[PDB]
Every structure is written in structure tokens, then in C-alpha cells.
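The chain below stands alone and is given as C-alpha cells, in the form deposited in one PDB entry.
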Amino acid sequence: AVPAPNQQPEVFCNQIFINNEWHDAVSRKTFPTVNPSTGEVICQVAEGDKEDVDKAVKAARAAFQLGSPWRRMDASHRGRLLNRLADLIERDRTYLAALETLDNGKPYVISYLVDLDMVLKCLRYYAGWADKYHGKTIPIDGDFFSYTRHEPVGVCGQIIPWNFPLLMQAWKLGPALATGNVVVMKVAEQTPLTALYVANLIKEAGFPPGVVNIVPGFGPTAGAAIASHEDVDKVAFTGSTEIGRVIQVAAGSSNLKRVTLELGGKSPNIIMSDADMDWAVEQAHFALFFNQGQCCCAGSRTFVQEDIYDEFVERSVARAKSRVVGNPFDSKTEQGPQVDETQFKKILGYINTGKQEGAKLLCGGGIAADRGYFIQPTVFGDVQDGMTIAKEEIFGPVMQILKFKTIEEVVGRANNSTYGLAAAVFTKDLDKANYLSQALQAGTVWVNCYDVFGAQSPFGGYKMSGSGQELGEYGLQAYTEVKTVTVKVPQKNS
């Protein structure tokens, strides 16, 4: 049941949001955001820079000041506000679902039923954490009373990617606002629209000004300015592992601000011989092709037991070949366009490599439309560990199927990586399930499923997949400062 979408929704916000006010870039410069389906320009947006960031950072600090409305306000009320924002976004659910599809290109039915469901659940989840994250009282030695304060970290720099525009915004705002922090958020130049409108609903929710500031622009400028700002207490970056090094390097060189990173991966989806064929075939397909393959934890490495390899591939190629590519607003469409031309050509260049590298091209491999950034659902067979496509994150509709024999083999090959964001195991065996979920060096291991995220379930990565987690209770840690207060008492008793 998905409400009919407005295929050309009108855009109301396209500037810089500061102190619950809409501003032009200081420079007066703007950038265009494009429809990835047509290549056409949707509209112009304010191009924020250092001076816009400072303005935003000045607004946040003063809103984070002791005695300020936001700082004094009940922890319970912060959650009421978060619930309100949830209420209003739901009110604007059909519109936002269409605008997200318009700028990002993901099919509307997904935008409505998945992305916007997940946004509502995440904000409502964190509303419930607002007054339920407690510090401790500590039975310290001697005649002393010791307790801890879990205060907000402060002015939080937040940079999010384009693959899940709205839900990334929610994943960040949730714990930061539930914990009493203020935010200056940097949104992706490819998909800044839905976040700019939500800032409107942030305003409509009742949130005081300066608590959430969004500065649209470009990474190296706005993004870098935040990463370098001397009055920013923490920066959360989600995006290319390349810029990540940039963020951490600038961060130590600015003020030693608190830095958490959530980068890419090359997630292994391991199908053991005793797996349910039909189910593993469909979850494997979803695992890689979901969101036009542009998922942090896409199952881009399909290991299949040799005894079943041929059948699995067969069904996967059949499955892949049936995937409907086209208008995201068309109910039948399973896959919309790639986010942008650069990414578009990047994936094509990967496929090209895969071919020359010797991987067996079984289907797709080229452009799926003369218009927009469409790429055919591509499946490579007989993929090797050394192949470029089997090592580098493609972030596209390119499926990699590797052949293995034993469980000891797949663990080492799966774990032989610089990444460790996610992984999955398909098997009926209890000991196989447990062996693997323990042995795989991943921040998330799915068993007989894939891409199952819960508002209560954390999402963190290992190795070069970064640090820190998202969702669940763990999220509140990186947005909180712990203060210990140890008071001298007349005489301690148990």
C-alpha cells in the first residue's frame, strides 16, 4: 500500500538553515542538484563554506550555553520534540518519499515503505532514550560520594552521504538530540534537498534555534571547515574512506576534537552447502542490489559452496536478469539510476576491469538507459580474490560470486580484507552458524538474512570500516561526555 507519488514535487528549501532561519551562502554562490533519472537540474542550492560554517558554529555554541533553553529543558521534553519531528515527517511522508526518490533516484515504493519507515522508527526510538540514559553512583574507596554525569559532548560536526539521505540524517540527529547536543550538519551535494525540508520540520517541531544547523555545500570546503573548526567538539563523518583520512588528519591538527568514522566495506555473503537455496538466492540478490547497490555493507562478495555453486549462480543470473530497471516512480521498477555521472562512469569502469581481469561476465555489464544514470544489473562468475572487482568497493549493481569448499577457507578469505563492516551466513547448521558468526571479523554478522537493521540494533565496523556504532544504546556514548563528581562525606557506609 503506497500512496501515489508526485513525480515532480516542488522544492521549498534550498539554502542554509541557521538559528531556525534560512540563509544564502555568504558568497551568494549556489550549486545545482540534479535528477539522476533524467540528468536534468532540479534546482539551485546555497553553496556553504567556512564563513557559513562559522556562522552555524557560532549559532550552535550559543544555543549550547549553560542556562540556554536547550540545555535547561527536560530530557523528557527533548524526546517529546523528537516525537513531534517524527509526527510531522510522517505527516509529510508521501512528499518526502518522492523528493528522496527525485534527488537520490531510489524507487518511490522503497523510499516510502523502507527509508521513511526507518526514519520514523529511528527518531521515535531515540525519543525514548532521552530520559533513560543514566550515569552511575560509584562505591569508591574512602569516605567519599562518587557519581558520574553523562553530559552532552557539545557542538557536533556531522557529515553524511547520499546513498540514504534522510535516514542518515535521522541516524545522526537521533542520539545527538536525545543526548542534549547541538548540531551543524553537512549534507551531500547530490542529495541535500530532503534534509533541508526536514530542517523546516525541525523548526516546526519546536526545537530552539541553533540546535540543528544544516550547511549545504561541498566536502573539501564546508566538510573540511567543520572538521577543522576550533569550536567543534566532535565530528561524525560518513562517506568515502578517502576523505576519512582527511577528516582524522585535520581533526588532530585543529583542536583534537572527538572523531568517529563510518566508512566503506566489501562485505562477504557466505552461502554454505546446507543453506536454503531459494531464500539464500533472494537474500543474496537483495544483499547486493538493494539501493542500486549503493550500500555501505552491500554483499559485494558472494561466496558459494562448490557443491551448490552452479545452481546458485544460475538462479542469481536468472534473478538478476529479471530485475526491473527504469523510472523510480514506476511501481514495477526495482532499480533506479546511480546517484550521479561520476559514480555512473565509475561503476562502468569497474565492470570493464572485471571483464579484462578474467571474471566471467554472466549478464548485464553496460548502460541500461540512454537517459539518466542507469546500469544493467551485473553478475560476475568465477570471481577471484586477487581481482580488482573482488577487492574494491564498487557501490553499484555489480554482483561478485566466489567459489569455496570449506568453512575454514571462507572465514580466512572473508576475513582477509582491510574492511569489516558487515557479513552474513546462510546455513541450517547451528555449529556452522556459531562458528562463523564468531570467526568473521565484522561489526555486523547476519545469519540467514541480510541488511536487517533495527533502531535498537547497533551498526559498527571493524578494521578499516572505522570505529563507533550507530543505533541502539551504544550511539549515546559517542554523543555524551562523562563527568565524575567525587564529594567528601562525613562517613561512608554500605
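Residue positions are given as counts along the sequence shown, with the first one as 1.
Checked against the record, the higher mean CA B factor of 187-195 and 169-177 lies with 187-195. Taking only CA atoms, the mean B-factor in the PDB entry is higher for 212-220 than for the other of 286-294 and 212-220. Per the deposited record, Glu392 carries the highest C-alpha B-factor of all listed residues (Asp274, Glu392, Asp103, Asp340). The maximum CA B-factor among the listed residues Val447, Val26, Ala439, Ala60, taken from the PDB record, is found at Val26.
For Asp431, the recorded CA B-factor ranks within the lowest third of the chain. Only modelled residues enter the ranking.
Sorting the modelled residues of the chain by their CA temperature factor places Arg258 in the highest third. In the deposited entry, the Cα temperature factor of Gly239 places it in the highest third of its chain's modelled residues. Ranked against the other modelled residues of its chain, the C-alpha B-factor of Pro36 as given in the entry falls in the middle third. Sorting the modelled residues of the chain by their CA temperature factor places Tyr419 in the highest third.
Heads up, the form deposited with a small molecule bound isn't pictured, but that's what we're talking about next.
The partner is not drawn, yet in the deposited complex one stretch among 316-324, 359-367, 159-167, 382-390 has residues with heavy atoms inside 4.5 Å of the small molecule: 159-167. If you check the small molecule in the deposited complex, you find no heavy atom from any of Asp92, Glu100 and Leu196 within 4.5 Å. Screening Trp129, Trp171, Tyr373, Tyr108 for any heavy atom within 4.5 Å of the small molecule in the deposited complex leaves a single hit, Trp171. Here is the short version: of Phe453, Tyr462, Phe64, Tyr435, the single residue with a heavy atom within 4.5 Å of the small molecule in the deposited complex is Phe453.
With a 4.5 Å cutoff on heavy atoms, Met118 counts as touching the small molecule in the deposited complex. Heavy atoms of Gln305 never reach within 4.5 Å of the small molecule in the deposited complex, leaving it off the interface. In the deposited complex, at least one heavy atom of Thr238 sits within 4.5 Å of the small molecule. Among heavy atoms of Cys297, some come within 4.5 Å of the small molecule in the deposited complex.
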